Structure formats: structure tokens, C-alpha cells
Protein chains: 4
Amino acid sequence: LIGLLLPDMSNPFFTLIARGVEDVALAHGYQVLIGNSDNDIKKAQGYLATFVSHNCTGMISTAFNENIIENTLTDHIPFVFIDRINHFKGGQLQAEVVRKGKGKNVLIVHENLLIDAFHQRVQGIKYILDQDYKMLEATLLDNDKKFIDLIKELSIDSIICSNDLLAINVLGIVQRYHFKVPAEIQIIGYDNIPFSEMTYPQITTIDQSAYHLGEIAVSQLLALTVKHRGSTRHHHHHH
Amino acid sequence: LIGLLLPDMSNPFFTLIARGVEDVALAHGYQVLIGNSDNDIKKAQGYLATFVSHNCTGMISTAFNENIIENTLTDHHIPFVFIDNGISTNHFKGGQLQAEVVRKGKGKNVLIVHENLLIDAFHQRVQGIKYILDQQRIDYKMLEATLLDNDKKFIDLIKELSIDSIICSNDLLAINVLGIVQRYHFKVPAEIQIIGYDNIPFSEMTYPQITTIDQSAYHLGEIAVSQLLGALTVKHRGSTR
Amino acid sequence: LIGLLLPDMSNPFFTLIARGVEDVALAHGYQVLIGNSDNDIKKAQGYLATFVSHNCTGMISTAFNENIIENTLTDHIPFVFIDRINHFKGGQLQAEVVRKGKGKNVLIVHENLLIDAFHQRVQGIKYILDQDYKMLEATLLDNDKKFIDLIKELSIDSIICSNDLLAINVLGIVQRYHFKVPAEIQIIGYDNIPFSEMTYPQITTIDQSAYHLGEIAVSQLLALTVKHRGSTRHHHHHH
Amino acid sequence: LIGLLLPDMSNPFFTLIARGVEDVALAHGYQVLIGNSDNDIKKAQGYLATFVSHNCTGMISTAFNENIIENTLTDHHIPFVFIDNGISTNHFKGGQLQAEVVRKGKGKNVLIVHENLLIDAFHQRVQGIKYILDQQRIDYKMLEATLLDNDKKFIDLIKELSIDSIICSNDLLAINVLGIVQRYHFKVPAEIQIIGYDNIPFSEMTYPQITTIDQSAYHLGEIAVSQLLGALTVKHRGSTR
């Protein structure tokens with residue numbers, strides 16, 4: 001029996017990892033206990049304690065949780081960290097797409113940097129870019145008027161987002177304020193969740209092979225490709 | 001321990017229910033185990049056994065597997081609620097609401113793009129739509145959402161049938177459809193209006209935003225754990241006329 | 001102007017650090033912006049963003065926050081980590097008091113191991129002890145009946161707690177169920193907050209020089225001693 | 001930005017107010033800056049300036065510095081609430097409640113161990129106690145809480161005066177007092193009963209637990225930010241007769 005502690009069950013990237021895990025597991029007669037930590041230390045600790053209570057044979061989680069997972073190994077249970085089966089290189093790829101699209105003034109819209117995968121990605125972006133940008137915490141998208149005002153004041157022509165969910169949110173704000181994507185503002189996400197193929201234009205993104213990540217993770221227990229699409233400055237239209 | 005068996009955890013309608021469930025559950029000292037049935041009876045059967053094995057004090061799921069759930073759980077004296085022992089808003093009434101928005105938008109040729117009608121919620125919603133459209137003598141055709149996968153063939157059909165209105169079983173279908181028609185240079189909503197269901201956050205992120213029906217998903221989660229232990233609103237938005 | 005991001009403003013250990021900081025700062029005409037992150041990544045990010053908004057000259061925080069603090073240094077602000085001005089050694093000292101009191105069956109009641117200071121301390125305990133114990137997450141104290149049942153089943157004679165707040169809670173539970181502290185059960189805390197001297201018996205603890213920590217922290221910006229008291233098995237009574 | 005100026009953030013009564021303040025504030029999109037005045041006018045004056053400098057949309061503090069606050073803030077058109085423009089429960093009534101618990105416990109020789117009477121809350125509470133004890137012709141003496149620092153001298157006084165009841169300005173004083181008398185082998189409550197104020201969590205952690213007065217501290221924090229933007233209960237416990 002496997003315990004799978006997901007950082008954000010409302011993120012399709014993680015639900016897809018989870019299906020890769022559940023599929024392989026169920027094939028080999030294994031059950032999975034699934035928990036959502038919401039990157040909350042109290043929730044993480046809660047679920048992990050319970051998964052121990054219930055004699056899990058192995059655990060899958062992200063490295064937000066290493067201290068507890070480690071202690072639970074010694075005190076009791078092998079583990080795999082899904083985020084460690086490279087995010088810095090991913091970030092470099094995002095910045096290189098922006099450069100290939102002739103970006104001059106770039107906004108890095110990021111999820112919480114206390115999450116290593118996000119932080120490492122933003123380090124990769126900065127590397128290529130430092131070789132003009134501003135950083136903006138994802139929560140600031142909530143005031144769309146002030147977001148658009150920033151875009152104008154800074155003459156932003158490129159936006160790099162930590163994942164596809166943020167890219168999609170960003171796309172709808174700038175389109176609702178009448179900017180042209182990609183000619184005026186180009187946008188790049190990460191993960192390649194199916195939502196990324198549903199927008200007009202479709203979101204240029206980095207495929208992390210989520211389903212295959214879950215598959216490998218559970219297999220250990222028992223590479224990145226750019227998707228160039230309409231949202232960046234090759235493909236013109238679909239007719 | 002509360003066993004939550006979701007039909008599709010990739011759908012944000014269900015993970016929002018799950019949030020509801022989690023928040024009330026923790027406020028009362030419970031944890032929630034999640035299963036994704038992935039719309040599969042074997043998988044569902046697996047989680048029932050998982051949840052039963054691990055001494056869950058109650059189960060929350062949809063009625064898709066009501067027979068095996070009822071039978072296994074009653075035997076073990078474990079209560080259960082079905083979120084679609086019921087607690088849901090009325091899906092027939094929701095479908096009427098979808099069709100009324102279309103009527104108001106002056107819909108003449110309506111494509112009903114639907115999820116699996118094996119699922120009671122989806123099927124009832126469709127009868128809701130047909131109830132209104134038949135009375136109105138508005139023409140409609142029904143298309144299963146898989147046939148969305150080839151987008152050029154979808155467009156051929158839209159053109160041939162002169163579709164001006166599309167009613168979707170949920171917001172994932174509506175959103176997908178929106179991207180397709182926009183990509184083939186249809187104007188939304190003047191040429192084609194589209195309506196979804198669920199009011200997931202993605203529905204407010206598209207341009208135009210997707211007109212939908214909020215069915216109090218978070219609170220559905222809250223009620224289920226409340227019933228377990230002891231409202232429909234049209235969101236009028238840019239995608240409709 | 002200093003930003004001081006406290007992990008838990010309801011912990012007297014941190015409020016005392018804060019006074020050391022505020023005192024030295026105010027002496028040198030410096031203001032302090034004080035924020036409570038509650039070790040919540042969203043709160044931490046919120047406060048740190050704001051402290052940046054408001055042109056802080058330097059920041060003081062714990063290493064829960066390193067990724068954001070670091071990024072804010074490069075993008076903008078020097079920092080000091082209060083938890084890094086040794087916790088593993090502290091843990092060894094707690095275990096050595098227990099051994100000196102002839103502990104046989106030990107309960108390690110711990111705060112959240114996702115917090116490095118707590119985790120490192122518990123590693124220090126395990127080191128000495130491994131050279132019989134059970135670990136118990138602090139949240140489990142809430143069911144006092146089951147806590148006392150565990151104490152009985154396991155014949156617990158020693159309890160090591162991550163800090164004085166937990167030690168004090170533990171003391172009142174076992175005393176209300178009629179156990180004799182220290183003859184039947186001995187208890188050790190950490191930090192040496194003033195509450196530790198208020199109980200009967202007084203709580204044996206490890207002084208971290210909290211006020212002096214705050215003083216040093218702000219000074220950088222511009223050792224452990226056992227307190228043997230009544231709660232462990234030298235001093236007999238106060239008459 | 002909301003400026004919260006606490007008189008003593010080492011006191012859990014105030015950090016609980018602060019939690020109240022933080023939770024409502026964030027729910028509405030605000031952050032809270034905290035200042036500890038450390039019971040000091042220079043420090044308080046510093047934070048007013050800090051909070052004013054940094055364009056706080058409102059201030060929350062105690063009325064200790066009401067004159068300089070009122071004057072500086074009114075000039076800058078910044079509103080403010082005083083948690084002890086007031087929002088508090090009544091401290092005089094709280095003191096009556098303390099003395100009634102003692103009367104019921106058959107108190108005959110009462111020591112009133114008090115915080116700084118410069119602080120209105122503390123002084124009013126003391127008049128509350130004296131109101132009841134005078135009517136009852138119960139004897140009492142007043143002791144400032146600093147003279148708690150030498151515990152053998154405190155005990156000498158307790159013995160000389162045959163004290164059987166101790167009313168404390170807050171739970172930090174009560175708790176300290178409890179440890180002192182217990183350490184010198186007085187039996188609580190049969191020999192000496194003790195009552196505090198505030199109902200901080202430490203009051204439920206001692207043995208015996210400390211009888212106190214809950215003054216809705218968390219909710220005090222909530223109301224203050226609500227007033228800013230737009231109940232007393234005896235807890236009867238083992239430490240009293």
C-alpha cells in the first residue's frame with residue numbers, strides 16, 4: 001500500500017502524476033492512500049502520520065516534506081520524491097523561448113518561491129535573462145487593473161509563468177484588456193497540462209511527462225521538451 | 001477517516017468539492033483519503049475496499065456505483081452520502097437554465113455537446129435542455145464530447161448545421177469548444193454562443209469568459225461531510241448573447 | 001528599517017528575540033516592521049514582499065524562508081537567519097539529562113519536524129538515545145485520555161519536548177492524571193522562557209539566550225546551558 | 001496596511017488579539033504590522049511614527065497613549081480603535097466577577113495582586129473587586145506584582161496575613177502565584193484559592209487549572225479590525241473553592 005501526498009490536488013499536473021501512480025499500482029494489486037497537503041506543514045504532517053498509522057509500504061511526495069519522510073523512514077517505509085526523479089534547466093528553456101521571440105521587457109510571474117521546483121525554475125530564467133525583467137508574485141494577478149498598469153508602465157512584451165495554470169490566468173487578463181498575444185505580449189507556461197491546448201492561442205509550455213513521472217515514481221518504489229504553440233513569437237494559423 | 005471517492009479528480013468541479021470536504025472534515029478532527037475512480041468501476045470497487053479495509057467512518061462519492069456501495073457499506077454499518085442519501089441541486093433544473101440562456105440569446109440551431117449520459121447528472125441535465133428547447137421549437141442536435149478530439153471535423157459539422165449556440169455538459173467541454181471555434185475564426189458570442197456548467201475558475205479566465213451555472217461545489221462538499229457526520233446561479237458572461 | 005519575520009508570535013521564545021531586536025534597533029534610531037508568518041508559506045511570502053515594498057534595509061527571519069529571502073537579496077537587502085547564529089547539540093543535552101535521570105522508556109513529544117530547528121534537535125536526542133523511545137506529534141496531546149493510556153502501556157518515565165510550551169502542557173496533563181513529576185515521569189523542555197520558572201515543579205530546560213540572540217542578530221545586520229530544575233530526576237525543595 | 005500596537009506581545013492575551021486582527025485583516029486583503037510598545041511611551045511614540053510614515057490605513061492599540069495617537073492620527077485622517085473608538089468588555093464588571101467567585105469560595109482574607117494601575121483596564125478591574133468586597137465586609141490587601149519576584153518574602157506576607165484567597169489582574173500573575181504557593185506547600189484551593197483574568201491557554205495547563213475570566217480576546221481582535229474598516233465568562237476551575 002502506497003501513500004501519495006500531493007502538494008496541490010487542484011493542480012492538474014499533480015492529478016496526472018497521481019493517475020500514473022494509481023494505474024501502475026492497481027495493475028500490481030497495490031492500493032494508494034492519497035492526501036493533499038496544500039503545502040501546509042500541519043496538513044503534510046497529518047497525512048504522513050496517518051499513512052504511517054495505516055502501514056504504508058512506501059510513500060511518494062515532494063521534497064517540501066523531506067524532514068518528516070526521513071524521520072518516518074528511520075522510525076519505521078521507503079519513499080520517492082516526485083520533484084527529484086531538472087527545474088533549473090526548465091527555467092533556462094523558458095527564458096530561451098522568450099529570447100527566441102525577441103523579448104525585451106519580461107515579467108516573471110511566479111508561484112511561491114518557498115517551493116523548490118518553482119524557485120529553481122526562476123533561477124534558470126534569471127541565468128539566461130541576466131546574460132530586463134521584473135518579478136511578480138502570482139497573488140498580485142488578483143488586481144487585474146494594477147497588473148495591466150504595470151504591463152503598460154514597464155512596456156512588458158514577454159511573460160514567463162511558473163506553470164500553465166498561471167499562464168492561462170495571465171492570458172485571459174491581457175486578452176480582456178485588448179492586448180494581442182503573441183504579437184504584443186508573448187506568454188510561456190510550464191507542465192503541459194491539457195488546459196494548455198484548450199486556449200486561443202494555445203499556450204507554449206514545457207512538457208514534464210507528468211503521467212510518466214507517476215509511473216516511474218511507483219516503479220522505483222516497487223526529459224523536458226518545449227511545446228511551441230500560438231502564445232509565443234513558425235506555426236501561424238490552423239486553416 | 002472519511003473516504004472521498006471522486007469520479008474525476010482532473011476535473012476542478014470535483015477537487016473543489018474535495019476542498020469543501022477536507023475543510024469541514026479537519027475542523028472536526030477527521031482526515032480525508034481521496035480516490036480517483038477515473039470513471040472506472042474496477043477502480044471504484046478498489047477504493048471502496050481500500051476505504052472499508054482501513055476502517056473509514058464514512059464514505060462520500062457519486063451514485064454511479066450506488067449498488068455495490070450501498071450493499072458493502074450497509075453490511076459494515078458505514079454511512080455514505082452521494083453528492084450527486086443525496087445532497088445535490090437538481091440537474092434537470094440546471095439544464096433548463098442552460099437552455100433559457102440560449103433562448104434569450106436568440107438561439108436557433110443548438111448543438112448539445114455532452115459528457116457520458118451513463119452518468120445520471122449529465123443525462124438529467126440534457127433532458128432539462130430538451131424540455132425547454134422542445135417547447136420553444138428550437139432545433140438541436142446532440143454530439144458526444146469525444147468527437148471534439150478532431151477539431152477540423154467538429155468545425156465541418158458546425159458549418160453544415162449553421163450552429164449558433166452550443167450547450168456543454170460542463171465548463172471543461174465549454175472551454176475546449178471555445179478554443180476550437182475561436183481558432184477557426186468564429187466570433188463568440190455574435191456568431192456562436194457557448195454555455196458550460198459548474199463555474200470552475202478556468203471559466204472566468206478565458207476571453208470571452210464562459211457563461212456557466214454555479215452549483216455551490218465547495219458547499220456541496222461541506223454539506224456532504226455534515227450529512228455524513230451529523231443553490232444554482234446563472235453566471236451571465238461574455239460567451240453568450 | 002528592519003523587517004523581522006517571526007515564525008510564531010504566540011511563542012514567548014520568539015517575542016523575546018523580537019525585544020532584543022527592537023531594543024538594539026531603537027537605540028540606533030532604526031524602525032522594525034514585525035510580521036508573523038505562522039510558518040505558512042503564503043504569509044511568509046506576503047510579509048516579505050511588503051517589507052520589500054517598504055524599502056527595508058535588512059531582514060531577520062528563520063531559514064523556513066531562505067528561498068524568498070535569497071531571491072529578495074539578488075533582486076533588491078541583507079538578511080540574518082535567527083536559527084543559524086546548534087540545535088543538534090541541544091537535542092543531545094536533552095537526551096543526556098534524561099539519561100542522568102535514569103530514563104528507560106522515553107517519549108519524544110515534538111513540534112512540526114518540517115521546521116529544521118525542531119528536526120535537528122530530535123536528531124540530537126535520537127543520537128544519544130540510540131547509543132527505548134517513541135515519537136509523538138504535539139497535536140496528539142489534544143486527546144489527553146489516549147495520551148495517558150500511551151504513557152501507561154509503554155511505561156513511560158521520561159518525556160522530551162521540543163520546547164517549554166509543550167513541556168508545560170505535558171506537565172499539566174500528567175499531573176492532572178496523578179503522576180508524580182519527576183519521581184514517576186520526568187520532563188525536559190527547551191528555550192528557557194519565563195513560563196518555565198512558573199510551574200510547580202519548575203521545568204528543566206535549555207537556555208538559548210533568546211534576548212541576546214535578537215541583540216546579536218540586529219548587530220550582525222548593522223552557548224547553550226542546561227537549567228536543572230524540579231521536573232527532572234540535586235535540588236530537592238525550596239524551604 | 002494596518003498598524004497593530006500591542007502593549008506587551010509577551011502576554012498571550014495580546015498575541016491572541018493579534019491573531020483575531022490578522023485573520024480578519026487577511027480575509028479582506030490587508031497585512032498587519034506589529035509593534036510591541038513594551039509598556040513604554042517612547043517605543044509607542046516610535047511605532048505611531050513608523051505606522052504613520054508607512055501610510056497605514058488604520059491603527060489598533062490600547063488607550064494608554066490615547067492623547068498622542070488621537071492628535072497625530074486625526075491630523076493625518078487615519079482612523080484608530082482602542083481595544084481596551086472603544087470595543088472592550090467592561091473591566092469594572094470583570095473585577096466584580098472575580099470578587100464574586102472569591103465570595104462564593106468563602107474568602108475571608110484576600111490579597112489583590114495587581115498589575116500597573118496606570119493602566120485603566122487594570123485599575124477599573126481593581127475597583128470592581130473592591131466594590132464587591134467592601135459590600136461584603138471581606139478584608140483585603142493590595143500587593144503590586146513586582147513584589148512577587150522574591151518568593152520567600154511573598155510567602156512571609158501570605159502567612160502573616162492568613163491569606164486564603166488571591167485575586168490577580170491576569171492569568172500570568174495567577175499562574176506565577178500558583179507556582180509560588182505550591183512550591184511552599186500551600187494547598188490550592190482548600191488553603192489558598194486563586195483567580196486570574198484573560199483565559200489564556202496556559203491557564204488550562206496548570207494543575208489545578210486556573211479559574212479565570214474569558215474576555216473574548218480573539219473576537220476583540222476581529223471587532224477592532226471590523227470597526228476599523230467598516231462577552232465575559234467565568235471559567236470555574238480547580239484553583240477556586
# chains A, B, ... in the order shown; residues from 1 in each chain; ligands from 1
>>> residues_around(residues="residue 127 in chain A", least_positions_apart="5", cutoff="10 Å", atoms="only C-alpha atoms", output="MDAnalysis selection string")
chainID A and resid 88:89 91:92 95 121:122
>>> closest_atom_pairs(of="chain A", to="chain B", cutoff="8 Å", atoms="only C-alpha atoms", output="tab-separated table")
residue	atom	partner	partner_atom	distance
A:9	CA	B:15	CA	6.8
A:10	CA	B:15	CA	5.7
A:12	CA	B:10	CA	5.6
A:15	CA	B:10	CA	5.8
A:16	CA	B:10	CA	7.2
A:19	CA	B:36	CA	7.9
A:26	CA	B:43	CA	7.9
A:31	CA	B:50	CA	6.6
A:33	CA	B:33	CA	6.1
A:34	CA	B:34	CA	5.1
A:35	CA	B:33	CA	5.9
A:46	CA	B:31	CA	7.9
A:47	CA	B:31	CA	7.5
A:54	CA	B:54	CA	7.3
A:168	CA	B:205	CA	6.8
A:169	CA	B:205	CA	5.3
A:171	CA	B:205	CA	7.7
A:172	CA	B:205	CA	4.9
A:173	CA	B:205	CA	7.2
A:175	CA	B:207	CA	6.4
A:176	CA	B:207	CA	6.0
A:198	CA	B:176	CA	5.0
A:199	CA	B:179	CA	5.0
A:200	CA	B:179	CA	5.0
A:201	CA	B:183	CA	7.3
A:237	CA	B:183	CA	7.7
A:238	CA	B:183	CA	6.9
A:239	CA	B:184	CA	7.0
>>> closest_atom_pairs(of="chain A", to="chain C", cutoff="7 Å", atoms="only C-alpha atoms", output="Markdown table")
| residue | atom | partner | partner_atom | distance |
| --- | --- | --- | --- | --- |
| A:40 | CA | C:40 | CA | 6.7 |
| A:41 | CA | C:114 | CA | 6.4 |
| A:65 | CA | C:114 | CA | 6.7 |
| A:67 | CA | C:114 | CA | 5.5 |
| A:68 | CA | C:113 | CA | 5.8 |
| A:113 | CA | C:68 | CA | 5.8 |
| A:114 | CA | C:67 | CA | 5.5 |
| A:119 | CA | C:67 | CA | 6.8 |
>>> select_by_dssp(residues="range 106-179 of chain A", states="helix (DSSP H, G or I)", output="count of residues only")
44
>>> residues_around(residues="residue 210 in chain D", least_positions_apart="4", cutoff="7 Å", atoms="only C-alpha atoms", output="MDAnalysis selection string")
chainID D and resid 195:196 203:204 206 237:239
>>> select_by_dssp(residues="range 50-111 of chain B", states="strand (DSSP E)", output="count of residues only")
10
>>> closest_residue(among="A:155, A:204, A:53, A:196", to="residue 76 in chain A", atoms="only C-alpha atoms")
A:53
>>> residues_around(residues="residue 216 in chain B", least_positions_apart="4", cutoff="9 Å", atoms="only C-alpha atoms", output="PyMOL selection string")
chain B and resi 17+89+198-199+220-221+231-233
>>> residues_around(residues="residue 215 in chain A", least_positions_apart="6", cutoff="12 Å", atoms="only C-alpha atoms", output="list in words")
residues 16, 17, 18, 19, 20, 21, 22, 23, 24, 25, 26, 27, 60, 80, 82, 85, 209, 221 and 222 of chain A
>>> write_last_selection(atoms="N, CA, C and O atoms", output="CSV table (one decimal), in the first residue's frame")
chain,number,residue,atom,x,y,z
A,16,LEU,N,-2.5,14.3,-12.6
A,16,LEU,CA,-2.0,13.5,-13.7
A,16,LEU,C,-0.8,12.6,-13.2
A,16,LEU,O,-0.8,11.4,-13.5
A,17,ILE,N,0.2,13.1,-12.4
A,17,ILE,CA,1.1,12.3,-11.7
A,17,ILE,C,0.4,11.2,-11.0
A,17,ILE,O,0.8,10.0,-11.1
A,18,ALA,N,-0.7,11.5,-10.3
A,18,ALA,CA,-1.4,10.6,-9.4
A,18,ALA,C,-2.1,9.5,-10.1
A,18,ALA,O,-2.2,8.4,-9.6
A,19,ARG,N,-2.5,9.8,-11.4
A,19,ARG,CA,-3.1,8.7,-12.2
A,19,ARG,C,-2.0,7.8,-12.7
A,19,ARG,O,-2.3,6.6,-12.7
A,20,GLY,N,-0.9,8.3,-13.1
A,20,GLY,CA,0.3,7.4,-13.4
A,20,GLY,C,0.6,6.5,-12.2
A,20,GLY,O,0.8,5.3,-12.5
A,21,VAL,N,0.6,7.0,-11.0
A,21,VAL,CA,0.8,6.2,-9.8
A,21,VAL,C,-0.3,5.2,-9.6
A,21,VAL,O,0.0,4.0,-9.4
A,22,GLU,N,-1.5,5.6,-9.6
A,22,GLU,CA,-2.7,4.8,-9.3
A,22,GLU,C,-2.9,3.6,-10.3
A,22,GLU,O,-3.3,2.5,-9.9
A,23,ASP,N,-2.5,3.9,-11.6
A,23,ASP,CA,-2.6,2.9,-12.7
A,23,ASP,C,-1.6,1.8,-12.6
A,23,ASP,O,-2.0,0.6,-12.5
A,24,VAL,N,-0.3,2.1,-12.5
A,24,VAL,CA,0.7,1.2,-12.2
A,24,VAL,C,0.5,0.4,-10.9
A,24,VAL,O,0.5,-0.8,-10.9
A,25,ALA,N,0.2,1.1,-9.8
A,25,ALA,CA,-0.2,0.5,-8.5
A,25,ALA,C,-1.3,-0.6,-8.6
A,25,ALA,O,-1.2,-1.7,-8.1
A,26,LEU,N,-2.4,-0.2,-9.3
A,26,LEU,CA,-3.6,-1.0,-9.3
A,26,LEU,C,-3.4,-2.2,-10.2
A,26,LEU,O,-3.9,-3.3,-9.9
A,27,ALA,N,-2.5,-2.1,-11.2
A,27,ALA,CA,-2.1,-3.2,-12.0
A,27,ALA,C,-1.4,-4.3,-11.2
A,27,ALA,O,-1.7,-5.5,-11.4
A,60,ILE,N,5.1,8.4,-1.6
A,60,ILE,CA,5.5,9.3,-2.7
A,60,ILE,C,5.1,10.7,-2.3
A,60,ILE,O,4.0,10.9,-1.9
A,80,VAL,N,9.8,8.0,-2.4
A,80,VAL,CA,10.3,8.6,-3.6
A,80,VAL,C,9.8,10.1,-3.6
A,80,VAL,O,8.7,10.3,-3.3
A,82,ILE,N,8.7,13.0,-5.9
A,82,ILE,CA,8.4,13.2,-7.4
A,82,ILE,C,9.2,14.4,-8.0
A,82,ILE,O,9.5,14.3,-9.2
A,85,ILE,N,13.0,13.0,-9.4
A,85,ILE,CA,13.2,11.9,-10.4
A,85,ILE,C,14.0,12.4,-11.6
A,85,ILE,O,15.2,12.2,-11.7
A,209,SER,N,6.3,15.3,-18.8
A,209,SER,CA,5.9,14.0,-18.9
A,209,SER,C,5.2,13.5,-17.5
A,209,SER,O,5.7,12.5,-16.9
A,221,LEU,N,9.6,2.6,-6.6
A,221,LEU,CA,9.2,2.2,-5.3
A,221,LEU,C,9.0,0.7,-5.1
A,221,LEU,O,9.0,0.2,-4.0
A,222,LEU,N,8.7,0.0,-6.2
A,222,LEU,CA,8.4,-1.4,-6.1
A,222,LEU,C,9.4,-2.4,-6.8
A,222,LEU,O,10.6,-2.0,-7.1
>>> residues_around(residues="residue 165 in chain D", least_positions_apart="5", cutoff="8 Å", atoms="only C-alpha atoms", output="list in words")
residues 102, 107, 108, 109, 110, 111, 192, 193 and 194 of chain D
>>> write_last_selection(atoms="N, CA and C atoms", output="compact mmCIF listing (two decimals), in the first residue's frame")
# COMPACT_ATOMS: atom_id res chain seq x y z
N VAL D 102 -14.60 34.66 44.57
CA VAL D 102 -13.98 34.59 45.88
C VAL D 102 -15.01 34.53 47.02
N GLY D 107 -14.17 33.43 50.88
CA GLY D 107 -12.91 34.12 51.10
C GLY D 107 -13.06 35.03 52.28
N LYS D 108 -12.04 35.07 53.13
CA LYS D 108 -12.10 35.90 54.31
C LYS D 108 -10.97 36.92 54.29
N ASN D 109 -9.76 36.49 53.90
CA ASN D 109 -8.56 37.35 53.84
C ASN D 109 -8.02 37.29 52.41
N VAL D 110 -8.21 38.38 51.66
CA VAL D 110 -7.99 38.40 50.22
C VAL D 110 -6.78 39.27 49.92
N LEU D 111 -5.85 38.75 49.13
CA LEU D 111 -4.72 39.54 48.62
C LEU D 111 -5.05 39.84 47.16
N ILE D 192 -5.46 28.00 49.83
CA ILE D 192 -5.45 29.26 49.11
C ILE D 192 -6.12 29.04 47.79
N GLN D 193 -7.16 29.82 47.52
CA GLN D 193 -7.74 29.87 46.18
C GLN D 193 -7.22 31.07 45.40
N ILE D 194 -7.16 30.91 44.08
CA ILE D 194 -6.51 31.93 43.21
C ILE D 194 -7.38 32.08 42.00
>>> atom_distance(atom1="CA of residue 58 in chain C", atom2="CA of residue 87 in chain C")
24.7 Å
>>> residues_around(residues="residue 228 in chain D", least_positions_apart="4", cutoff="8 Å", atoms="only C-alpha atoms", output="VMD selection string")
chain D and resid 58 to 60 79 to 81 224
>>> write_last_selection(atoms="N, CA and C atoms", output="mmCIF file, in the first residue's frame")
data_model
loop_
_atom_site.group_PDB
_atom_site.id
_atom_site.type_symbol
_atom_site.label_atom_id
_atom_site.label_comp_id
_atom_site.auth_asym_id
_atom_site.auth_seq_id
_atom_site.Cartn_x
_atom_site.Cartn_y
_atom_site.Cartn_z
ATOM 1 N N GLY D 58 -5.100 52.273 8.988
ATOM 2 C CA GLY D 58 -5.705 52.356 10.324
ATOM 3 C C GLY D 58 -4.852 51.795 11.447
ATOM 4 N N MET D 59 -5.090 52.261 12.670
ATOM 5 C CA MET D 59 -4.284 51.854 13.795
ATOM 6 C C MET D 59 -5.149 51.201 14.892
ATOM 7 N N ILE D 60 -4.594 50.164 15.495
ATOM 8 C CA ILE D 60 -5.210 49.492 16.608
ATOM 9 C C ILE D 60 -4.198 49.472 17.765
ATOM 10 N N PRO D 79 -8.026 56.563 10.863
ATOM 11 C CA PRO D 79 -8.852 56.131 11.976
ATOM 12 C C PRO D 79 -8.107 55.131 12.873
ATOM 13 N N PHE D 80 -8.667 54.840 14.038
ATOM 14 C CA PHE D 80 -7.978 54.040 15.042
ATOM 15 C C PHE D 80 -9.026 53.508 15.990
ATOM 16 N N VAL D 81 -8.740 52.367 16.596
ATOM 17 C CA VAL D 81 -9.615 51.824 17.592
ATOM 18 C C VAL D 81 -8.759 51.514 18.811
ATOM 19 N N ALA D 224 -12.225 44.891 16.347
ATOM 20 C CA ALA D 224 -11.364 46.049 16.186
ATOM 21 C C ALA D 224 -11.075 46.302 14.719
#
>>> atom_distance(atom1="CA of residue 166 in chain A", atom2="CA of residue 188 in chain A")
9.6 Å
